[PDB]
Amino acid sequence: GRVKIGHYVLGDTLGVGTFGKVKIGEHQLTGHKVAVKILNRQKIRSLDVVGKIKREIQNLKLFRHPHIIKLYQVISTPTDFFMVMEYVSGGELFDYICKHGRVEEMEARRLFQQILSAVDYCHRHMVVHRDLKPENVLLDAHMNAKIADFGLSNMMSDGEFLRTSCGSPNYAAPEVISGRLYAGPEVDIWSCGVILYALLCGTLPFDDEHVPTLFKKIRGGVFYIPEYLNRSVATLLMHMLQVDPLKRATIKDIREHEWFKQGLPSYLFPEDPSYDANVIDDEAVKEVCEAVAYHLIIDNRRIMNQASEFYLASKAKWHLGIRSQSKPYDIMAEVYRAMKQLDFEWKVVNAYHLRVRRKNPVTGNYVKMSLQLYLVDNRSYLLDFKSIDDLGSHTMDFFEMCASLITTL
């Protein structure tokens, strides 16, 4: 009524997410409705989430998709952070599944196509949601899916795994509940598989009152497939809800499935025909140097993308690092003494994780790599070698640093 922030009058609370409270914002002059997420400055600094909130704003500011909540502006005050974003009248997808009996295969497919398109956009921009559920998926007046709550989201790095257990237990992947390292996209596919089941069946595939009993069901990966569900959609759900993340389906696999292909619009995915004419590919950043120049880049990229055989492919066995059957304390003691002989400087991050460095005598530049000890099956350990990005050759300098370490060990 009286409370105003950037010409917007704050109304009733829409709900509370992972970080901060979300409230309705009606315009004082027009009456236009926006969603305002209030992040308390003291609450952020007390939880060491200053870096997480920074990445959250930076991503949403550059994120442009019709199935992801658009962030208009962010207002900073000396005590709070006001995130002004797109408002959707339809509410939660969870409420739609609860109000109706079961969402029909004609409408459930359309909603899933919109969800996966937004999920794929995140993954292509190196962002993994980690908290996908019908409660987090929103709906509008025109019945379109909208992705919200990027609080538990994280950035995907080259050669780096994620450990943080994020999301609801019913929607969490078997690797998430176990507390083990994962790549990222495979977790979102599992979560999307639960949403697809929830839309068609009306219930959850893994549901139990007892917490460890529920965890046992996810690890097992056994779920009921109803008689009203066709054979085509049944195979898709089984491939999406795989215990093994390697055997689990990908966005490219779902897009190629016969059930998903049905009535799929040509503007949702980048490889489709209508995408290049309706969606901006952000080529303006590369075409900023010196009107027809933009269309030249899009056409050249299309010819290169079409010829898959020209850029991509359709004896002794290789292995990652070095394997040892001895105790973890003995392996770590062996690596420290081997480095002193070669005159190396190392930064300690963890008991098994080491940030190592050396100086090249010919070029003069510093050579740095990251070491990490992993656990294989049982009683067997693996030492991992990973090159750090920041006259000679960077890749050759990394291979030589590894070669001297393996020989000394």
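Residue numbers run from 1 along the displayed sequence.
Coordinates are absent for 10 or more residues of the deposited sequence placed between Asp390 and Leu391. In this entry, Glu227 and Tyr228 are joined directly, with no residue of the deposited sequence lacking coordinates between them.
Across the two stretches, 32-40 and 339-347, the PDB entry reports the greater mean Cα temperature factor for 339-347. Of the two stretches examined, 113-121 and 259-267, the record assigns the greater average C-alpha temperature factor to 259-267. In the deposited coordinates, the residue among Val211, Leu199, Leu162, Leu241 with the greatest CA B-factor is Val211. Which of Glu309, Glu186, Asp207, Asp95 has the largest Cα B-factor in the deposited entry comes down to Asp207.
Among all modelled residues in its chain, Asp330 ranks in the highest third by Cα B-factor. Annotation for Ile303: CA B-factor lies in the middle third of the chain's modelled residues. When the CA B factors of the chain's modelled residues are split into thirds, the value for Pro273 lands in the highest one. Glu105 sits in the highest third of its chain by CA B factor, as recorded in the PDB entry. In the PDB entry, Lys216 places in the highest third of its chain by CA B-factor.
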